[PDB]
file run_7.json (JSON, N, CA and C atoms)
[["chain", "number", "residue", "atom", "x", "y", "z"],
["A", 1, "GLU", "N", -127.39, -128.12, -68.93],
["A", 1, "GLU", "CA", -127.68, -128.91, -70.12],
["A", 1, "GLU", "C", -126.41, -129.18, -70.92],
["A", 2, "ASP", "N", -125.48, -128.23, -70.87],
["A", 2, "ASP", "CA", -124.22, -128.36, -71.59],
["A", 2, "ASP", "C", -123.33, -129.44, -70.96],
["A", 3, "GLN", "N", -123.47, -129.62, -69.65],
["A", 3, "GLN", "CA", -122.69, -130.61, -68.93],
["A", 3, "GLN", "C", -122.94, -132.01, -69.49],
["A", 4, "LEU", "N", -124.19, -132.45, -69.43],
["A", 4, "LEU", "CA", -124.56, -133.77, -69.92],
["A", 4, "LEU", "C", -124.53, -133.81, -71.45],
["A", 5, "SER", "N", -124.80, -132.66, -72.07],
["A", 5, "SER", "CA", -124.81, -132.56, -73.52],
["A", 5, "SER", "C", -123.41, -132.81, -74.09],
["A", 6, "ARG", "N", -122.39, -132.37, -73.36],
["A", 6, "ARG", "CA", -121.01, -132.55, -73.80],
["A", 6, "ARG", "C", -120.55, -133.99, -73.57],
["A", 7, "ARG", "N", -120.76, -134.49, -72.36],
["A", 7, "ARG", "CA", -120.37, -135.85, -72.01],
["A", 7, "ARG", "C", -121.09, -136.86, -72.89],
["A", 8, "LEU", "N", -122.31, -136.53, -73.29],
["A", 8, "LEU", "CA", -123.10, -137.41, -74.14],
["A", 8, "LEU", "C", -122.51, -137.51, -75.54],
["A", 9, "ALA", "N", -122.13, -136.36, -76.10],
["A", 9, "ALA", "CA", -121.55, -136.31, -77.43],
["A", 9, "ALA", "C", -120.26, -137.13, -77.49],
["A", 10, "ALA", "N", -119.55, -137.20, -76.37],
["A", 10, "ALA", "CA", -118.30, -137.95, -76.30],
["A", 10, "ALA", "C", -118.57, -139.45, -76.27],
["A", 11, "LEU", "N", -119.68, -139.84, -75.64],
["A", 11, "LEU", "CA", -120.05, -141.25, -75.53],
["A", 11, "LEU", "C", -120.25, -141.86, -76.92],
["A", 12, "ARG", "N", -121.12, -141.24, -77.71],
["A", 12, "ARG", "CA", -121.41, -141.72, -79.05],
["A", 12, "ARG", "C", -120.15, -141.72, -79.91],
["A", 13, "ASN", "N", -119.42, -140.61, -79.87],
["A", 13, "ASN", "CA", -118.19, -140.48, -80.65],
["A", 13, "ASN", "C", -117.00, -141.09, -79.90],
["B", 1, "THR", "N", -139.61, -136.86, -82.70],
["B", 1, "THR", "CA", -138.43, -136.99, -81.86],
["B", 1, "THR", "C", -138.82, -137.42, -80.45],
["B", 2, "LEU", "N", -140.01, -137.00, -80.01],
["B", 2, "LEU", "CA", -140.49, -137.35, -78.68],
["B", 2, "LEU", "C", -140.60, -138.86, -78.52],
["B", 3, "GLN", "N", -141.30, -139.50, -79.44],
["B", 3, "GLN", "CA", -141.48, -140.95, -79.40],
["B", 3, "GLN", "C", -140.13, -141.66, -79.46],
["B", 4, "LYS", "N", -139.26, -141.19, -80.34],
["B", 4, "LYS", "CA", -137.93, -141.79, -80.50],
["B", 4, "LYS", "C", -137.12, -141.66, -79.22],
["B", 5, "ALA", "N", -137.32, -140.55, -78.52],
["B", 5, "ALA", "CA", -136.60, -140.30, -77.27],
["B", 5, "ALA", "C", -137.06, -141.26, -76.17],
["B", 6, "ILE", "N", -138.37, -141.48, -76.10],
["B", 6, "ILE", "CA", -138.93, -142.37, -75.10],
["B", 6, "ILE", "C", -138.73, -143.84, -75.48],
["B", 7, "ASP", "N", -139.02, -144.15, -76.74],
["B", 7, "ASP", "CA", -138.87, -145.51, -77.24],
["B", 7, "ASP", "C", -137.42, -145.99, -77.11],
["B", 8, "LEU", "N", -136.49, -145.05, -77.25],
["B", 8, "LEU", "CA", -135.07, -145.38, -77.14],
["B", 8, "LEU", "C", -134.70, -145.73, -75.71],
["B", 9, "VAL", "N", -135.02, -144.83, -74.78],
["B", 9, "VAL", "CA", -134.72, -145.04, -73.37],
["B", 9, "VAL", "C", -135.46, -146.26, -72.83],
["B", 10, "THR", "N", -136.67, -146.48, -73.33],
["B", 10, "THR", "CA", -137.49, -147.62, -72.90],
["B", 10, "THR", "C", -136.78, -148.93, -73.20],
["B", 11, "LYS", "N", -136.15, -149.02, -74.37],
["B", 11, "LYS", "CA", -135.44, -150.22, -74.77],
["B", 11, "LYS", "C", -134.17, -150.40, -73.95],
["B", 12, "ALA", "N", -133.57, -149.28, -73.54],
["B", 12, "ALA", "CA", -132.35, -149.31, -72.75],
["B", 12, "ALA", "C", -132.62, -149.85, -71.35],
["B", 13, "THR", "N", -133.74, -149.43, -70.77],
["B", 13, "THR", "CA", -134.11, -149.87, -69.43],
["B", 13, "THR", "C", -134.30, -151.38, -69.39],
["B", 14, "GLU", "N", -135.07, -151.90, -70.33],
["B", 14, "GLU", "CA", -135.33, -153.34, -70.40],
["B", 14, "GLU", "C", -134.03, -154.12, -70.58],
["B", 15, "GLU", "N", -133.13, -153.57, -71.38],
["B", 15, "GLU", "CA", -131.84, -154.21, -71.64],
["B", 15, "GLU", "C", -131.03, -154.34, -70.35],
["B", 16, "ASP", "N", -130.93, -153.24, -69.61],
["B", 16, "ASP", "CA", -130.19, -153.24, -68.36],
["B", 16, "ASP", "C", -130.72, -154.29, -67.39],
["B", 17, "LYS", "N", -132.02, -154.58, -67.50],
["B", 17, "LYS", "CA", -132.65, -155.56, -66.64],
["B", 17, "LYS", "C", -132.33, -156.99, -67.10],
["B", 18, "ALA", "N", -132.04, -157.13, -68.39],
["B", 18, "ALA", "CA", -131.71, -158.44, -68.95],
["B", 18, "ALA", "C", -130.20, -158.63, -69.04],
["B", 19, "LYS", "N", -129.46, -157.99, -68.15],
["B", 19, "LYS", "CA", -128.01, -158.09, -68.12],
["B", 19, "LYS", "C", -127.40, -157.66, -69.45],
["B", 20, "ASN", "N", -128.07, -156.72, -70.12],
["B", 20, "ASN", "CA", -127.60, -156.21, -71.40],
["B", 20, "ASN", "C", -127.10, -154.77, -71.27],
["B", 21, "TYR", "N", -125.88, -154.61, -70.79],
["B", 21, "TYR", "CA", -125.29, -153.29, -70.62],
["B", 21, "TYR", "C", -124.95, -152.66, -71.96],
["B", 22, "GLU", "N", -124.48, -153.48, -72.90],
["B", 22, "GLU", "CA", -124.13, -153.01, -74.23],
["B", 22, "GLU", "C", -125.35, -152.44, -74.94],
["B", 23, "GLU", "N", -126.36, -153.27, -75.13],
["B", 23, "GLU", "CA", -127.58, -152.85, -75.81],
["B", 23, "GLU", "C", -128.28, -151.74, -75.02],
["B", 24, "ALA", "N", -128.13, -151.77, -73.71],
["B", 24, "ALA", "CA", -128.74, -150.77, -72.84],
["B", 24, "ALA", "C", -128.04, -149.42, -72.97],
["B", 25, "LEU", "N", -126.74, -149.46, -73.25],
["B", 25, "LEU", "CA", -125.95, -148.24, -73.40],
["B", 25, "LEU", "C", -126.28, -147.54, -74.71],
["B", 26, "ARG", "N", -126.28, -148.29, -75.80],
["B", 26, "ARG", "CA", -126.58, -147.74, -77.12],
["B", 26, "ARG", "C", -127.97, -147.11, -77.15],
["B", 27, "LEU", "N", -128.91, -147.74, -76.44],
["B", 27, "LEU", "CA", -130.28, -147.25, -76.38],
["B", 27, "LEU", "C", -130.38, -146.03, -75.47],
["B", 28, "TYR", "N", -129.53, -145.99, -74.45],
["B", 28, "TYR", "CA", -129.52, -144.88, -73.50],
["B", 28, "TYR", "C", -128.96, -143.62, -74.14],
["B", 29, "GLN", "N", -127.75, -143.73, -74.69],
["B", 29, "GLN", "CA", -127.10, -142.59, -75.34],
["B", 29, "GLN", "C", -127.95, -142.08, -76.50],
["B", 30, "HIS", "N", -128.67, -142.98, -77.15],
["B", 30, "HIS", "CA", -129.52, -142.62, -78.28],
["B", 30, "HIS", "C", -130.77, -141.88, -77.81],
["B", 31, "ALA", "N", -131.29, -142.29, -76.65],
["B", 31, "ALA", "CA", -132.48, -141.66, -76.09],
["B", 31, "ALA", "C", -132.17, -140.27, -75.55],
["B", 32, "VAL", "N", -131.19, -140.19, -74.66],
["B", 32, "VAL", "CA", -130.80, -138.92, -74.06],
["B", 32, "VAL", "C", -130.34, -137.93, -75.13],
["B", 33, "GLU", "N", -129.57, -138.43, -76.10],
["B", 33, "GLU", "CA", -129.07, -137.59, -77.18],
["B", 33, "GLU", "C", -130.22, -136.97, -77.97],
["B", 34, "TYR", "N", -131.27, -137.76, -78.19],
["B", 34, "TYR", "CA", -132.44, -137.28, -78.93],
["B", 34, "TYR", "C", -133.27, -136.33, -78.08],
["B", 35, "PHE", "N", -133.26, -136.55, -76.77],
["B", 35, "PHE", "CA", -134.02, -135.71, -75.85],
["B", 35, "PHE", "C", -133.44, -134.30, -75.80],
["B", 36, "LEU", "N", -132.13, -134.21, -75.66],
["B", 36, "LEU", "CA", -131.45, -132.92, -75.60],
["B", 36, "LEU", "C", -131.69, -132.12, -76.87],
["B", 37, "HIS", "N", -131.56, -132.79, -78.02],
["B", 37, "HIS", "CA", -131.77, -132.14, -79.31],
["B", 37, "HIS", "C", -133.18, -131.59, -79.42],
["B", 38, "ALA", "N", -134.13, -132.26, -78.77],
["B", 38, "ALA", "CA", -135.52, -131.83, -78.80],
["B", 38, "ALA", "C", -135.73, -130.57, -77.97],
["B", 39, "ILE", "N", -134.98, -130.46, -76.88],
["B", 39, "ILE", "CA", -135.08, -129.30, -76.00],
["B", 39, "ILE", "C", -134.53, -128.04, -76.68],
["B", 40, "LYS", "N", -133.33, -128.16, -77.24],
["B", 40, "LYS", "CA", -132.70, -127.04, -77.92],
["B", 40, "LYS", "C", -133.55, -126.55, -79.09],
["B", 41, "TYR", "N", -134.26, -127.48, -79.72],
["B", 41, "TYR", "CA", -135.11, -127.15, -80.85],
["B", 41, "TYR", "C", -136.45, -126.57, -80.38],
["B", 42, "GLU", "N", -137.13, -127.31, -79.51],
["B", 42, "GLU", "CA", -138.41, -126.88, -78.98],
["B", 42, "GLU", "C", -138.51, -127.16, -77.48],
["B", 43, "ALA", "N", -139.26, -126.33, -76.78],
["B", 43, "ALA", "CA", -139.44, -126.49, -75.34],
["B", 43, "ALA", "C", -140.68, -125.74, -74.85],
["B", 44, "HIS", "N", -141.04, -125.96, -73.59],
["B", 44, "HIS", "CA", -142.20, -125.32, -73.00],
["B", 44, "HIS", "C", -141.79, -124.16, -72.09],
["B", 45, "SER", "N", -140.92, -124.46, -71.13],
["B", 45, "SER", "CA", -140.43, -123.45, -70.20],
["B", 45, "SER", "C", -139.33, -124.02, -69.31],
["B", 46, "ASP", "N", -138.87, -123.21, -68.36],
["B", 46, "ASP", "CA", -137.82, -123.62, -67.44],
["B", 46, "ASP", "C", -138.27, -124.83, -66.61],
["B", 47, "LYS", "N", -139.52, -124.82, -66.19],
["B", 47, "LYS", "CA", -140.08, -125.91, -65.39],
["B", 47, "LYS", "C", -140.01, -127.23, -66.16],
["B", 48, "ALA", "N", -140.65, -127.26, -67.32],
["B", 48, "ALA", "CA", -140.67, -128.47, -68.15],
["B", 48, "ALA", "C", -139.26, -128.87, -68.56],
["B", 49, "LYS", "N", -138.46, -127.88, -68.96],
["B", 49, "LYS", "CA", -137.09, -128.13, -69.38],
["B", 49, "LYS", "C", -136.28, -128.75, -68.25],
["B", 50, "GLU", "N", -136.62, -128.40, -67.02],
["B", 50, "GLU", "CA", -135.93, -128.93, -65.85],
["B", 50, "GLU", "C", -136.21, -130.42, -65.67],
["B", 51, "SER", "N", -137.47, -130.79, -65.78],
["B", 51, "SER", "CA", -137.88, -132.19, -65.64],
["B", 51, "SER", "C", -137.20, -133.06, -66.69],
["B", 52, "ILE", "N", -137.07, -132.52, -67.90],
["B", 52, "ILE", "CA", -136.45, -133.25, -69.00],
["B", 52, "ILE", "C", -134.93, -133.30, -68.82],
["B", 53, "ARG", "N", -134.37, -132.26, -68.21],
["B", 53, "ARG", "CA", -132.94, -132.19, -67.99],
["B", 53, "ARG", "C", -132.51, -133.18, -66.91],
["B", 54, "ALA", "N", -133.22, -133.17, -65.79],
["B", 54, "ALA", "CA", -132.91, -134.07, -64.68],
["B", 54, "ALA", "C", -132.99, -135.53, -65.12],
["B", 55, "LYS", "N", -133.98, -135.84, -65.94],
["B", 55, "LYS", "CA", -134.17, -137.20, -66.43],
["B", 55, "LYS", "C", -133.05, -137.59, -67.40],
["B", 56, "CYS", "N", -132.54, -136.60, -68.12],
["B", 56, "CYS", "CA", -131.46, -136.84, -69.08],
["B", 56, "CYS", "C", -130.12, -136.97, -68.37],
["B", 57, "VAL", "N", -129.87, -136.08, -67.42],
["B", 57, "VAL", "CA", -128.62, -136.09, -66.67],
["B", 57, "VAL", "C", -128.43, -137.43, -65.94],
["B", 58, "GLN", "N", -129.53, -137.97, -65.42],
["B", 58, "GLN", "CA", -129.49, -139.23, -64.70],
["B", 58, "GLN", "C", -129.27, -140.40, -65.67],
["B", 59, "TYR", "N", -129.89, -140.31, -66.84],
["B", 59, "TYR", "CA", -129.76, -141.35, -67.85],
["B", 59, "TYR", "C", -128.34, -141.40, -68.40],
["B", 60, "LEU", "N", -127.71, -140.24, -68.50],
["B", 60, "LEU", "CA", -126.35, -140.15, -69.02],
["B", 60, "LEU", "C", -125.36, -140.82, -68.07],
["B", 61, "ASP", "N", -125.56, -140.60, -66.77],
["B", 61, "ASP", "CA", -124.68, -141.18, -65.76],
["B", 61, "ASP", "C", -124.71, -142.71, -65.83],
["B", 62, "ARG", "N", -125.91, -143.26, -66.01],
["B", 62, "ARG", "CA", -126.07, -144.71, -66.10],
["B", 62, "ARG", "C", -125.36, -145.26, -67.33],
["B", 63, "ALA", "N", -125.32, -144.47, -68.39],
["B", 63, "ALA", "CA", -124.67, -144.88, -69.63],
["B", 63, "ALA", "C", -123.18, -145.12, -69.42],
["B", 64, "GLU", "N", -122.49, -144.11, -68.89],
["B", 64, "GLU", "CA", -121.06, -144.22, -68.64],
["B", 64, "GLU", "C", -120.76, -145.39, -67.71],
["B", 65, "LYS", "N", -121.70, -145.70, -66.82],
["B", 65, "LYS", "CA", -121.54, -146.80, -65.88],
["B", 65, "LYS", "C", -121.62, -148.15, -66.59],
["B", 66, "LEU", "N", -122.40, -148.19, -67.67],
["B", 66, "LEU", "CA", -122.57, -149.42, -68.44],
["B", 66, "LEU", "C", -121.36, -149.67, -69.33],
["B", 67, "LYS", "N", -120.97, -148.66, -70.09],
["B", 67, "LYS", "CA", -119.83, -148.77, -70.99],
["B", 67, "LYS", "C", -118.55, -149.08, -70.21],
["B", 68, "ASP", "N", -118.48, -148.58, -68.98],
["B", 68, "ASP", "CA", -117.31, -148.80, -68.14],
["B", 68, "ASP", "C", -117.34, -150.20, -67.53],
["B", 69, "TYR", "N", -118.55, -150.71, -67.28],
["B", 69, "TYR", "CA", -118.71, -152.03, -66.71],
["B", 69, "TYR", "C", -118.10, -153.10, -67.61],
["B", 70, "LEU", "N", -118.34, -152.98, -68.91],
["B", 70, "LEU", "CA", -117.82, -153.93, -69.88],
["B", 70, "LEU", "C", -116.40, -153.56, -70.29],
["B", 71, "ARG", "N", -116.17, -152.26, -70.49],
["B", 71, "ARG", "CA", -114.86, -151.77, -70.89],
["B", 71, "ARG", "C", -113.80, -152.12, -69.85]]

call {"tool": "encode", "arguments": {"input": "run_7.json", "output": "structure tokens"}}
result
Amino acid sequence: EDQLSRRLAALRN
Amino acid sequence: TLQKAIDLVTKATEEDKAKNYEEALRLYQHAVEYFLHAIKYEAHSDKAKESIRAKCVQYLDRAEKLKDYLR
């Protein structure tokens, strides 16, 4: 969950 | 948050079909982002969490593919 959770946070920001 | 998570991804899917990678990306990242937050806050079990994770991981991959397509 941290894998996609991290990459996702970078997308928005 | 559940409705927002589904309603968000739902709009992203339709966008991708209408050659809308931009609108599809914003809706995707917004849907998956809301889904993950819902899991960390509330969940049922490993089984249910797995189904939601796999669906999110796949949605995230499509997002980067859209932003990169235009970028």

call {"tool": "closest_residue", "arguments": {"input": "run_7.json", "among": "B:65, B:71, B:53, B:4", "to": "residue 34 (chain B)", "atoms": "all atoms listed in the file"}}
result
B:4

call {"tool": "interface_residues", "arguments": {"input": "run_7.json", "of": "chain A", "to": "chain B", "cutoff": "8 Å", "atoms": "all atoms listed in the file", "output": "JSON, numbers by chain"}}
result
{"A": [1, 3, 4, 5, 7, 8, 9, 11, 12]}

call {"tool": "atom_distance", "arguments": {"input": "run_7.json", "atom1": "atom N of residue 10 (chain B)", "atom2": "CA of residue 51 (chain B)"}}
result
16.3 Å

call {"tool": "atom_distance", "arguments": {"input": "run_7.json", "atom1": "CA of residue 62 (chain B)", "atom2": "CA of residue 48 (chain B)"}}
result
21.9 Å

call {"tool": "atom_distance", "arguments": {"input": "run_7.json", "atom1": "CA of residue 70 (chain B)", "atom2": "CA of residue 13 (chain B)"}}
result
16.8 Å

call {"tool": "select_by_dssp", "arguments": {"input": "run_7.json", "residues": "chain A", "states": "alpha helix (DSSP H)", "output": "ChimeraX atom specification"}}
result
/A:2-12

call {"tool": "build_atoms", "arguments": {"input": "run_7.json", "residues": "chain A", "atoms": "N, CA, C and O atoms", "output": "compact mmCIF listing (two decimals), in the coordinates of the input"}}
result
# COMPACT_ATOMS: atom_id res chain seq x y z
N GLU A 1 -127.39 -128.12 -68.93
CA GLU A 1 -127.68 -128.91 -70.12
C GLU A 1 -126.41 -129.18 -70.92
O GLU A 1 -126.28 -130.21 -71.57
N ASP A 2 -125.48 -128.23 -70.87
CA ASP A 2 -124.22 -128.36 -71.59
C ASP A 2 -123.33 -129.44 -70.96
O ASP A 2 -122.55 -130.09 -71.65
N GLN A 3 -123.47 -129.62 -69.65
CA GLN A 3 -122.69 -130.61 -68.93
C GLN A 3 -122.94 -132.01 -69.49
O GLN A 3 -122.01 -132.67 -69.97
N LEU A 4 -124.19 -132.45 -69.43
CA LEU A 4 -124.56 -133.77 -69.92
C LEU A 4 -124.53 -133.81 -71.45
O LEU A 4 -124.28 -134.85 -72.05
N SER A 5 -124.80 -132.66 -72.07
CA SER A 5 -124.81 -132.56 -73.52
C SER A 5 -123.41 -132.81 -74.09
O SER A 5 -123.27 -133.39 -75.17
N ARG A 6 -122.39 -132.37 -73.36
CA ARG A 6 -121.01 -132.55 -73.80
C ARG A 6 -120.55 -133.99 -73.57
O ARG A 6 -120.01 -134.63 -74.47
N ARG A 7 -120.76 -134.49 -72.36
CA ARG A 7 -120.37 -135.85 -72.01
C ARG A 7 -121.09 -136.86 -72.89
O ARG A 7 -120.55 -137.92 -73.20
N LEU A 8 -122.31 -136.53 -73.29
CA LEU A 8 -123.10 -137.41 -74.14
C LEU A 8 -122.51 -137.51 -75.54
O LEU A 8 -122.39 -138.60 -76.10
N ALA A 9 -122.13 -136.36 -76.10
CA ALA A 9 -121.55 -136.31 -77.43
C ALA A 9 -120.26 -137.13 -77.49
O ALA A 9 -119.93 -137.70 -78.54
N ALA A 10 -119.55 -137.20 -76.37
CA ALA A 10 -118.30 -137.95 -76.30
C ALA A 10 -118.57 -139.45 -76.27
O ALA A 10 -117.79 -140.24 -76.80
N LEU A 11 -119.68 -139.84 -75.64
CA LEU A 11 -120.05 -141.25 -75.53
C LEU A 11 -120.25 -141.86 -76.92
O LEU A 11 -119.64 -142.87 -77.26
N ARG A 12 -121.12 -141.24 -77.71
CA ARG A 12 -121.41 -141.72 -79.05
C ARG A 12 -120.15 -141.72 -79.91
O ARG A 12 -119.86 -142.69 -80.61
N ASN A 13 -119.42 -140.61 -79.87
CA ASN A 13 -118.19 -140.48 -80.65
C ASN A 13 -117.00 -141.09 -79.90
O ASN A 13 -116.41 -140.39 -79.06
